[PDB]
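One structure is given here, and the rest of the page talks about it.
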Amino acid sequence: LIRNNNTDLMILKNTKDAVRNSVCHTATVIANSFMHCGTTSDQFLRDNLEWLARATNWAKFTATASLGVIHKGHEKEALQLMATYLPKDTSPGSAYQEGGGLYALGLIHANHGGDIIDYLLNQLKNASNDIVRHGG
Amino acid sequence: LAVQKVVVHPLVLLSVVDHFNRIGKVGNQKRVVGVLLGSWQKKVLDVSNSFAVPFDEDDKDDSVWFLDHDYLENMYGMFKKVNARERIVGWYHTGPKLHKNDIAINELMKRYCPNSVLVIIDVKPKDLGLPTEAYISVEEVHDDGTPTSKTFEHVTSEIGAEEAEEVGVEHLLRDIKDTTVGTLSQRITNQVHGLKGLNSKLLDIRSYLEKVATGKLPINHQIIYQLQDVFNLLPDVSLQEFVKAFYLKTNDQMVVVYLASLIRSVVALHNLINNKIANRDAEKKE
Amino acid sequence: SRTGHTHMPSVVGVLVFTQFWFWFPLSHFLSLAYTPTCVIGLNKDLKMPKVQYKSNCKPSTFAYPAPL
Amino acid sequence: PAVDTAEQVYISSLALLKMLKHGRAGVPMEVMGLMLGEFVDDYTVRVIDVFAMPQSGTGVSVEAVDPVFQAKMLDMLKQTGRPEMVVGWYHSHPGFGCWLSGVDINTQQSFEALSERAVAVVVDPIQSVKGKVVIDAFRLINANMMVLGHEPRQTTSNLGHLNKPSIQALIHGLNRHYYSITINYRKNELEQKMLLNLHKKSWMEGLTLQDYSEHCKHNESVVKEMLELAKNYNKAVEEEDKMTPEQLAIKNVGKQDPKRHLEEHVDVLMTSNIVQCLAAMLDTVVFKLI
Amino acid sequence: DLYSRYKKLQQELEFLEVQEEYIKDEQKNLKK
Amino acid sequence: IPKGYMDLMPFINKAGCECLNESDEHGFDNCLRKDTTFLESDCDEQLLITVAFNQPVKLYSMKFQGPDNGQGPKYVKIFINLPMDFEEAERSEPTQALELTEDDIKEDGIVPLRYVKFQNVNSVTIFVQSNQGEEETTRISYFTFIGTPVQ
Ligand SMILES: [Zn+2]
């Protein structure tokens, strides 16, 4: 999928300008993860960072989780890949991102959690927020 | 008597069930007693609301029982402010049958309503009968010489609803109720229920006579007096006059059914003609 | 699957995706159903050789849509 | 934290009937009351029971909540096993749809100051018909949050957009000053069977035979009615043979249809006579002297 | 292909029973 | 206490926690205390505790400890938010009937609770149907409920 990633970013952009609601906002993020599933290409999210910041609450959970769909099969480095996107500790509204990162991690290792199970088992154990336990 | 019929509204049944489910919680499973509110129209009672009252009794002794009558007055005034036309018409209790101490409780309730009507509202979903049994206190004057005593006389009870009450009830019974069944099917189901109700009541009398026969219960001589009347009223369907009249009447109704069935077949053929004309015309243009 | 086996992640992914009705984040489970459409050539060394397969049909009957 | 469109308001069978009974009795006054229950979680508001408030005086509008009446009723209901907090208020809108007016918005702000998740339920006892009650649950939109460019509540599911908002409510400020919460109903088996007793005739009526003098008279009259209808029915057959297809319905408007009344008379008579015959035949063996 | 036609017809017959059972069931509830 | 769930003993109304069939010399006040003093009964080993909370509170686990002499509990029936006369406990539906084993009743054993049924608990009553050694009376220790407020 990486080499043959013939995605069309003009389709996504033409609908990004048509996003006026939170439901249409989160739809594009799920749409973005769909057209880039397994391609490890977050180009749309990189070039629209200020637009992605409009997502709040569970839209942040969905947006962070979209990373795992994009990076499905990226077994080589995912703990460092997710930690690169997400800082370790953050106070404001980070439960949705932190929980979304855990459920993004499982999306990367779907049906193939050979060694990430131990990490997800620890984080779920040492989890305090309900949202993070939801993503974990 | 003073009460000809008691109409108990679906709100009371739901309220009484909710009273039982909230007092008869993990605490206990005794009977709960409340106060009935309603209006009076000619001689038919119109029980339409109720509120719970604190109540307790001893399982062993029947003379030991408590009813918060001050609570009764406080909530009645609370309810009177919202709906002044709804006065106290009696009390209720969810006991599956009567209790020895109801005649004492009715005396307490008789102060707030002289013609107080006790309605036993069975929370358990009985299959054949209505959950409500309306009783009124009467002074039974025995002819054997035994002194006149206060007893409960049965009053026929019916469940009827207000216009908005029935609107909500049909909303809650929208899925469960099957209204597709025609009237004729419903009437026959009424006859089956009538047969079932009679058999159950005949079984109750037989069970009572069994206890009397073995000495479990004493001979009443008022039930037995009534029972002779029941068996005397049993008509003789083997009489020549009755059988001829029955045949005379049955044939009178049959010809009307025959005429209506004859008309039905003609109308049905008219419908078939129109359908075939419509079908033939539709294919001619297409 | 191509052989005919009931692909467990594909079945699971589609059902949990249909639960987006109750929970939007559940829509990502459809990634489980995305099976790549490919022919992977390999050698005895489990590496990918430069092999050029031939599709005996027109290029346009199976091709990416023309970009706008 | 943002409210969710997946939030549901659960009204019990008892609570629904009390608002309909109080709302209909108080037509057209916007008769109000308190909804008792429990905030189960961030997505459920249970309305176990309600109790109606008195009307202070004349006026078709929502009056202020009387604290002494509220305090006394809550205190007394706790004595009969009702220790449920007030989760909002209800009031009636007798025929003009379910929405919140200017007075209702101020009334709801009083509850939202005390409990942030209080719900204003509006019941239309006039527009409610059997099997479909016109009810709606509303909570206010904070003008500060919506003006800045934030949705009043987050959408994480389809559950909040299954019911299309009515034009009457959208006219009166829906999705501008308040939002609607989807209402479900908590019905159990016990309460459903209890309500099924409504209009359940006594077992005596099933075996009760209609008066034979009136039954023959009714049979007499209706059969005579079909005598004229059959005469008219013949005319309708010839008339409709020569009738243009535009007149199949227009010409039937305002003029009685012999075929339609013939079927009704046939249906009534055959139900009447079969039941009378069947019940009579049953009674001859059930009530037998031998 | 002679067995396959016989078995394919058998499933198609059995499906017809399923369809005709659900149509009668739906008609009952459509009347409701 | 288990992580994320606090000891709810300070949360409860000490003035408002009644006891039924409690020997005067060792009572409810000594029961809640961590020290050696217990809550013994007078009429029978059968005993009924009533505990009313200040604010709505969830109960995750309890530590209903008793001495290992045999007077410790062996049958605890827990009732939540009753609208209890030593006959109801004979025939009723407990929220979670609990057979407190010797490990459960020692100084270190904690007893898990059905967190599903213990969510909105404004007042809780615990009943001791039977003790371990079939003695005339029972004895308790710092009976505390572990959980979090409803908030
Ligand atoms: Zn209003």
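In the structure tokens, chains take letters A, B, ... by order of appearance, with residues numbered from 1 within each chain and ligands from 1 in the order shown.
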- Test item: residues lying within 8 Å of ligand 1 with only C-alpha atoms and all ligand atoms, as number ranges by chain: D: 30, 61-62, 91-93, 99-104, 122
Export, as a PDB file, in the first residue's frame, the selected residues with N, CA and C atoms.
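Result file is selection21.pdb:
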ATOM      1  N   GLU D  30     -50.738  26.297  31.250  1.00  0.00           N
ATOM      2  CA  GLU D  30     -49.473  25.573  31.151  1.00  0.00           C
ATOM      3  C   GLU D  30     -49.141  25.000  32.528  1.00  0.00           C
ATOM      4  N   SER D  61     -49.952  30.339  31.545  1.00  0.00           N
ATOM      5  CA  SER D  61     -48.499  30.439  31.516  1.00  0.00           C
ATOM      6  C   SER D  61     -47.966  29.681  32.722  1.00  0.00           C
ATOM      7  N   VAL D  62     -46.660  29.439  32.717  1.00  0.00           N
ATOM      8  CA  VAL D  62     -46.024  28.687  33.792  1.00  0.00           C
ATOM      9  C   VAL D  62     -45.748  29.631  34.956  1.00  0.00           C
ATOM     10  N   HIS D  91     -44.309  20.650  31.990  1.00  0.00           N
ATOM     11  CA  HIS D  91     -45.455  21.535  31.864  1.00  0.00           C
ATOM     12  C   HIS D  91     -46.166  21.233  30.556  1.00  0.00           C
ATOM     13  N   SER D  92     -47.438  21.604  30.500  1.00  0.00           N
ATOM     14  CA  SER D  92     -48.310  21.239  29.396  1.00  0.00           C
ATOM     15  C   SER D  92     -48.390  22.357  28.366  1.00  0.00           C
ATOM     16  N   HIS D  93     -48.524  21.958  27.103  1.00  0.00           N
ATOM     17  CA  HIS D  93     -48.721  22.877  25.984  1.00  0.00           C
ATOM     18  C   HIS D  93     -49.953  22.391  25.237  1.00  0.00           C
ATOM     19  N   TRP D  99     -42.542  22.834  22.779  1.00  0.00           N
ATOM     20  CA  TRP D  99     -41.387  23.720  22.676  1.00  0.00           C
ATOM     21  C   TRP D  99     -41.317  24.527  23.966  1.00  0.00           C
ATOM     22  N   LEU D 100     -40.331  25.416  24.056  1.00  0.00           N
ATOM     23  CA  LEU D 100     -40.161  26.284  25.211  1.00  0.00           C
ATOM     24  C   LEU D 100     -40.331  27.728  24.769  1.00  0.00           C
ATOM     25  N   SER D 101     -41.185  28.467  25.469  1.00  0.00           N
ATOM     26  CA  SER D 101     -41.367  29.882  25.197  1.00  0.00           C
ATOM     27  C   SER D 101     -40.363  30.696  26.009  1.00  0.00           C
ATOM     28  N   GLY D 102     -40.515  32.019  25.971  1.00  0.00           N
ATOM     29  CA  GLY D 102     -39.631  32.873  26.746  1.00  0.00           C
ATOM     30  C   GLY D 102     -39.757  32.640  28.239  1.00  0.00           C
ATOM     31  N   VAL D 103     -40.987  32.448  28.718  1.00  0.00           N
ATOM     32  CA  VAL D 103     -41.200  32.184  30.136  1.00  0.00           C
ATOM     33  C   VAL D 103     -40.603  30.838  30.528  1.00  0.00           C
ATOM     34  N   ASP D 104     -40.734  29.834  29.658  1.00  0.00           N
ATOM     35  CA  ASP D 104     -40.229  28.504  29.984  1.00  0.00           C
ATOM     36  C   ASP D 104     -38.706  28.478  30.028  1.00  0.00           C
ATOM     37  N   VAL D 122     -42.084  18.878  27.909  1.00  0.00           N
ATOM     38  CA  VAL D 122     -43.324  19.522  27.500  1.00  0.00           C
ATOM     39  C   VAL D 122     -44.252  18.450  26.949  1.00  0.00           C
TER      40      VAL D 122
END
- Message: Give me, as a PyMOL selection string, all polymer residues having an atom no more than 7 Å from residue 178 (chain D), counting only C-alpha atoms and skipping those fewer than 6 positions away in the same chain.
- Response: chain D and resi 138-141
- Query: CA of residue 69 (chain A) and CA of residue 32 (chain C) are how many Å apart?
  - Reply: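 Atom-to-atom, CA of residue 69 (chain A) to CA of residue 32 (chain C), that is 8.9 Å.
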- Message: I need the contact residues of chain F against chain B, so if you could list those with any atom within 7 Å, counting only C-alpha atoms, and return them as a PyMOL selection string, that would help.
- Response: chain F and resi 79+82-84+88+92-94
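Considering the residues D:53, D:48, D:222, D:145 and counting only C-alpha atoms, chain B has its shortest atom-to-atom contact with D:53.
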- Message: Report, in Å to a single decimal, how far apart CA of residue 136 (chain A) and CA of residue 102 (chain A) are.
- Response: 5.1 Å
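Every residue of region 25-140 of chain F with a DSSP assignment of alpha helix (DSSP H), taken from the backbone, is listed as residues 28, 29, 30, 31, 32, 102, 103, 104 and 105 of chain F.
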- Task: Please provide as an MDAnalysis selection string all residues within 12 Å of region 46-58 of chain A, with the sequence filter that same-chain residues fewer than 3 positions apart are discarded (counting only C-alpha atoms).
- Result: (chainID A and resid 9 12:13 16:17 19:29 32 41:43 61:67 85 92:100 131:132 134:135) or (chainID C and resid 23:26) or (chainID D and resid 1:4 149:151 153:157)
- May I have the residues within 12 Å of region 186-189 of chain D as a PyMOL selection string, using only C-alpha atoms and disregarding those fewer than 2 positions away in the same chain? (chain B and resi 14+17-18+21+123-125+169+171-176) or (chain D and resi 8-16+44-49+183-184+191-196)
Selected residues, N, CA and C atoms, written as an mmCIF file, in the first residue's frame, please.
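That gives us out30.cif:
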data_model
loop_
_atom_site.group_PDB
_atom_site.id
_atom_site.type_symbol
_atom_site.label_atom_id
_atom_site.label_comp_id
_atom_site.auth_asym_id
_atom_site.auth_seq_id
_atom_site.Cartn_x
_atom_site.Cartn_y
_atom_site.Cartn_z
ATOM 1 N N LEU B 14 -51.412 1.906 38.169
ATOM 2 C CA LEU B 14 -49.976 2.139 38.064
ATOM 3 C C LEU B 14 -49.414 2.715 39.357
ATOM 4 N N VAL B 17 -49.329 -0.101 41.958
ATOM 5 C CA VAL B 17 -48.208 -0.985 41.655
ATOM 6 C C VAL B 17 -46.895 -0.329 42.045
ATOM 7 N N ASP B 18 -46.736 0.958 41.737
ATOM 8 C CA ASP B 18 -45.508 1.662 42.089
ATOM 9 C C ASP B 18 -45.360 1.793 43.599
ATOM 10 N N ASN B 21 -44.128 -1.625 44.655
ATOM 11 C CA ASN B 21 -42.763 -1.897 44.229
ATOM 12 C C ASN B 21 -41.726 -1.046 44.950
ATOM 13 N N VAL B 123 -51.517 -6.553 42.844
ATOM 14 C CA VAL B 123 -50.354 -6.241 42.022
ATOM 15 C C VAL B 123 -49.987 -7.427 41.140
ATOM 16 N N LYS B 124 -50.179 -8.643 41.639
ATOM 17 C CA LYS B 124 -49.887 -9.828 40.844
ATOM 18 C C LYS B 124 -50.789 -9.861 39.612
ATOM 19 N N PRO B 125 -50.258 -10.187 38.436
ATOM 20 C CA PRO B 125 -51.085 -10.178 37.221
ATOM 21 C C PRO B 125 -52.001 -11.387 37.111
ATOM 22 N N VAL B 169 -52.335 5.257 27.859
ATOM 23 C CA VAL B 169 -52.393 3.807 28.026
ATOM 24 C C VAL B 169 -52.235 3.108 26.683
ATOM 25 N N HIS B 171 -50.640 4.295 24.246
ATOM 26 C CA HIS B 171 -49.245 4.481 23.863
ATOM 27 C C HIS B 171 -48.350 3.445 24.527
ATOM 28 N N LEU B 172 -48.613 3.135 25.796
ATOM 29 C CA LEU B 172 -47.821 2.136 26.501
ATOM 30 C C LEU B 172 -48.162 0.720 26.059
ATOM 31 N N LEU B 173 -49.386 0.498 25.588
ATOM 32 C CA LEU B 173 -49.824 -0.798 25.090
ATOM 33 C C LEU B 173 -49.833 -0.859 23.568
ATOM 34 N N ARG B 174 -49.181 0.097 22.906
ATOM 35 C CA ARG B 174 -49.178 0.138 21.447
ATOM 36 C C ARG B 174 -48.676 -1.172 20.855
ATOM 37 N N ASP B 175 -47.518 -1.637 21.316
ATOM 38 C CA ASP B 175 -46.923 -2.843 20.754
ATOM 39 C C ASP B 175 -47.624 -4.111 21.233
ATOM 40 N N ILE B 176 -47.942 -4.190 22.525
ATOM 41 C CA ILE B 176 -48.458 -5.432 23.093
ATOM 42 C C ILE B 176 -49.884 -5.694 22.620
ATOM 43 N N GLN D 8 -30.560 10.260 26.665
ATOM 44 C CA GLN D 8 -31.951 9.848 26.579
ATOM 45 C C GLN D 8 -32.662 10.178 27.880
ATOM 46 N N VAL D 9 -33.923 10.579 27.769
ATOM 47 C CA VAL D 9 -34.780 10.825 28.920
ATOM 48 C C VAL D 9 -35.774 9.678 28.989
ATOM 49 N N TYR D 10 -35.700 8.897 30.061
ATOM 50 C CA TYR D 10 -36.551 7.729 30.251
ATOM 51 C C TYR D 10 -37.709 8.111 31.161
ATOM 52 N N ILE D 11 -38.923 8.046 30.627
ATOM 53 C CA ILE D 11 -40.133 8.349 31.378
ATOM 54 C C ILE D 11 -40.839 7.040 31.693
ATOM 55 N N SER D 12 -41.160 6.833 32.965
ATOM 56 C CA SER D 12 -41.870 5.634 33.369
ATOM 57 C C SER D 12 -43.320 5.693 32.905
ATOM 58 N N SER D 13 -43.990 4.542 32.979
ATOM 59 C CA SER D 13 -45.402 4.487 32.621
ATOM 60 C C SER D 13 -46.237 5.347 33.558
ATOM 61 N N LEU D 14 -45.902 5.346 34.849
ATOM 62 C CA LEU D 14 -46.637 6.168 35.804
ATOM 63 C C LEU D 14 -46.424 7.651 35.541
ATOM 64 N N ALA D 15 -45.178 8.056 35.291
ATOM 65 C CA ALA D 15 -44.880 9.472 35.109
ATOM 66 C C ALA D 15 -45.554 10.022 33.858
ATOM 67 N N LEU D 16 -45.684 9.192 32.823
ATOM 68 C CA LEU D 16 -46.306 9.653 31.588
ATOM 69 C C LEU D 16 -47.791 9.924 31.784
ATOM 70 N N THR D 44 -28.285 9.116 30.460
ATOM 71 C CA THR D 44 -29.639 8.748 30.845
ATOM 72 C C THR D 44 -30.147 9.680 31.933
ATOM 73 N N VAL D 45 -31.409 10.077 31.807
ATOM 74 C CA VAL D 45 -32.132 10.798 32.847
ATOM 75 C C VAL D 45 -33.423 10.024 33.068
ATOM 76 N N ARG D 46 -33.544 9.378 34.221
ATOM 77 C CA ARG D 46 -34.715 8.563 34.505
ATOM 78 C C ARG D 46 -35.767 9.393 35.225
ATOM 79 N N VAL D 47 -37.000 9.341 34.730
ATOM 80 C CA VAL D 47 -38.119 10.000 35.389
ATOM 81 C C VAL D 47 -39.013 8.927 35.992
ATOM 82 N N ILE D 48 -38.748 8.575 37.250
ATOM 83 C CA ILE D 48 -39.490 7.499 37.896
ATOM 84 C C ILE D 48 -40.920 7.935 38.178
ATOM 85 N N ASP D 49 -41.088 9.156 38.675
ATOM 86 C CA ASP D 49 -42.401 9.659 39.037
ATOM 87 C C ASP D 49 -42.400 11.173 38.912
ATOM 88 N N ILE D 183 -36.629 10.897 23.919
ATOM 89 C CA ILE D 183 -37.381 10.351 25.041
ATOM 90 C C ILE D 183 -37.688 8.891 24.751
ATOM 91 N N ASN D 184 -37.275 8.016 25.659
ATOM 92 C CA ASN D 184 -37.686 6.625 25.662
ATOM 93 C C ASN D 184 -38.586 6.384 26.864
ATOM 94 N N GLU D 191 -46.529 -3.729 34.635
ATOM 95 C CA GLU D 191 -47.351 -2.556 34.359
ATOM 96 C C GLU D 191 -48.102 -2.692 33.042
ATOM 97 N N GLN D 192 -47.570 -3.473 32.101
ATOM 98 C CA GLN D 192 -48.254 -3.654 30.826
ATOM 99 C C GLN D 192 -49.486 -4.537 30.978
ATOM 100 N N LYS D 193 -49.370 -5.627 31.740
ATOM 101 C CA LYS D 193 -50.518 -6.497 31.968
ATOM 102 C C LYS D 193 -51.592 -5.786 32.779
ATOM 103 N N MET D 194 -51.181 -4.935 33.718
ATOM 104 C CA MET D 194 -52.141 -4.197 34.531
ATOM 105 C C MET D 194 -52.971 -3.251 33.675
ATOM 106 N N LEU D 195 -52.327 -2.550 32.741
ATOM 107 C CA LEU D 195 -53.045 -1.651 31.847
ATOM 108 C C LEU D 195 -53.907 -2.399 30.843
ATOM 109 N N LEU D 196 -53.575 -3.658 30.546
ATOM 110 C CA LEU D 196 -54.395 -4.453 29.641
ATOM 111 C C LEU D 196 -55.774 -4.733 30.214
#
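Here CA of residue 130 (chain A) and CA of residue 55 (chain F) stand 22.1 Å from one another.
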- Query: What residues in region 34-224 of chain D get the DSSP label strand (DSSP E or B)? Please answer as a ChimeraX atom specification.
  - Reply: /D:34-41,44-52,85-92,119-129,132-140,153-154,174,178-186
- Task: May I have the residues within 8 Å of residue 124 (chain F) as a ChimeraX atom specification, using only C-alpha atoms and disregarding those fewer than 3 positions away in the same chain?
- Result: /F:50-53,78-82,121
- Message: Quick one: residues within 12 Å of residue 30 (chain E), only C-alpha atoms, excluding same-chain residues fewer than 6 positions away - as a PyMOL selection string?
- Response: (chain B and resi 178-180) or (chain E and resi 22-24)
Keeping only N, CA, C and O atoms, take the residues you just selected and write them out as a PDB file, in the first residue's frame.
ATOM      1  N   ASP B 178     -53.017  -6.190  20.389  1.00  0.00           N
ATOM      2  CA  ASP B 178     -53.280  -6.600  19.015  1.00  0.00           C
ATOM      3  C   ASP B 178     -54.692  -6.160  18.651  1.00  0.00           C
ATOM      4  O   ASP B 178     -55.672  -6.784  19.071  1.00  0.00           O
ATOM      5  N   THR B 179     -54.795  -5.086  17.874  1.00  0.00           N
ATOM      6  CA  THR B 179     -56.079  -4.553  17.444  1.00  0.00           C
ATOM      7  C   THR B 179     -56.496  -5.046  16.064  1.00  0.00           C
ATOM      8  O   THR B 179     -57.562  -4.657  15.580  1.00  0.00           O
ATOM      9  N   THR B 180     -55.685  -5.891  15.422  1.00  0.00           N
ATOM     10  CA  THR B 180     -56.045  -6.419  14.111  1.00  0.00           C
ATOM     11  C   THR B 180     -57.221  -7.380  14.169  1.00  0.00           C
ATOM     12  O   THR B 180     -57.918  -7.544  13.162  1.00  0.00           O
TER      13      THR B 180
ATOM     14  N   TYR E  22     -42.079 -15.200   5.813  1.00  0.00           N
ATOM     15  CA  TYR E  22     -41.856 -13.847   6.306  1.00  0.00           C
ATOM     16  C   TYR E  22     -42.856 -12.862   5.713  1.00  0.00           C
ATOM     17  O   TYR E  22     -43.213 -11.873   6.363  1.00  0.00           O
ATOM     18  N   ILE E  23     -43.319 -13.111   4.487  1.00  0.00           N
ATOM     19  CA  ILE E  23     -44.315 -12.231   3.880  1.00  0.00           C
ATOM     20  C   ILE E  23     -45.635 -12.323   4.631  1.00  0.00           C
ATOM     21  O   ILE E  23     -46.284 -11.306   4.905  1.00  0.00           O
ATOM     22  N   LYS E  24     -46.054 -13.541   4.979  1.00  0.00           N
ATOM     23  CA  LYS E  24     -47.270 -13.703   5.766  1.00  0.00           C
ATOM     24  C   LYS E  24     -47.116 -13.081   7.146  1.00  0.00           C
ATOM     25  O   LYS E  24     -48.058 -12.479   7.675  1.00  0.00           O
TER      26      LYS E  24
END
- Mind listing as a PyMOL selection string which residues of chain F are within 12 Å of chain A, counting only C-alpha atoms? chain F and resi 3-5
I need the chosen residues saved as a PDB file, in the first residue's frame, with N, CA, C and O atoms.
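Written out: result-v5.pdb:
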ATOM      1  N   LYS F   3      -6.425   0.782  44.788  1.00  0.00           N
ATOM      2  CA  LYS F   3      -6.141   2.006  44.051  1.00  0.00           C
ATOM      3  C   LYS F   3      -7.396   2.539  43.373  1.00  0.00           C
ATOM      4  O   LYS F   3      -8.143   1.791  42.738  1.00  0.00           O
ATOM      5  N   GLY F   4      -7.622   3.844  43.515  1.00  0.00           N
ATOM      6  CA  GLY F   4      -8.740   4.520  42.902  1.00  0.00           C
ATOM      7  C   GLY F   4     -10.006   4.531  43.733  1.00  0.00           C
ATOM      8  O   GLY F   4     -10.965   5.218  43.363  1.00  0.00           O
ATOM      9  N   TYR F   5     -10.036   3.794  44.840  1.00  0.00           N
ATOM     10  CA  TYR F   5     -11.198   3.732  45.718  1.00  0.00           C
ATOM     11  C   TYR F   5     -10.742   3.990  47.146  1.00  0.00           C
ATOM     12  O   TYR F   5      -9.871   3.282  47.661  1.00  0.00           O
TER      13      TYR F   5
END
- Message: Taking only C-alpha atoms into account, find every residue of chain C that has an atom no more than 12 Å from chain A, and write it out as number ranges by chain.
- Response: C: 7-10, 12-13, 17, 20, 23-38, 40, 63-68
- Task: Select, from D:214, D:131, D:33, D:171, the residue with the minimum atom-to-atom distance to chain E, counting only C-alpha atoms.
- Result: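 The shortest atom-to-atom distance to chain E comes from D:131.
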